[PDB]
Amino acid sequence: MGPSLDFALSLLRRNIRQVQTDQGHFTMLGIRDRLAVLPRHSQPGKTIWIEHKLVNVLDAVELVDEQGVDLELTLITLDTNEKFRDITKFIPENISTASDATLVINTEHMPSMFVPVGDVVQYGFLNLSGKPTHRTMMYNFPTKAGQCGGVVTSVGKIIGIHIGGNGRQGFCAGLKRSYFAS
């Protein structure tokens, strides 16, 4: 509710970017330095649109956890002029569920949008259009196409990235701090 909403708003300007790839429109969380995270499904190429600018991509590396499981997110590094404000400290050391979370969407079509998704609960194994992953979490909210990459936040942590849904529920890849270690 209110507390996750205001924390979510504090991330928006400095860290939550509108992007476009050949696959469509996505929300992108910048984490630190020139490092950001996107859904694998966005399939970033050699350039990517960020806000109004076509930006060269330094690399895109699929995020695979310490158990060898693809998390369906890719870590992208960018030929941006400025570094992102470092939000490492807001990514929890442990994958975290949360009550009354906020999902932040920021795309050209859904700009600066805060979605009260309610409680985010453990889900675990998830088969997303035939691609299996784990460590996912679920919220009973009817998320939509165009919300992938959306940032799931608690009172003061960034807990997940929206990756899929079935029309009545939504699912995020869980985040923990070690995923972003250099």
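The first residue of the shown sequence is 1; numbering continues from there.
In this entry, 18-26 shows the higher mean Cα temperature factor of the pair 18-26 and 169-177. Mean CA B-factor, 51-59 versus 144-152: the higher value falls on 51-59. The residue among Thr74, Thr77, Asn94, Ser112 whose C-alpha atom has the highest B-factor in the PDB entry is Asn94. Of the residues listed, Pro44, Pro132, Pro39, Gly124, the entry assigns the biggest Cα temperature factor to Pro44. Looking at the C-alpha B-factors along this chain, the one for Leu35 belongs to the lowest third. Remark: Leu128 belongs to the middle third of its chain, ranked by C-alpha B-factor as recorded. When the CA B factors of the chain's modelled residues are split into thirds, the value for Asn106 lands in the lowest one. Annotation for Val117: C-alpha temperature factor in the highest third relative to the rest of the modelled chain, per the entry.
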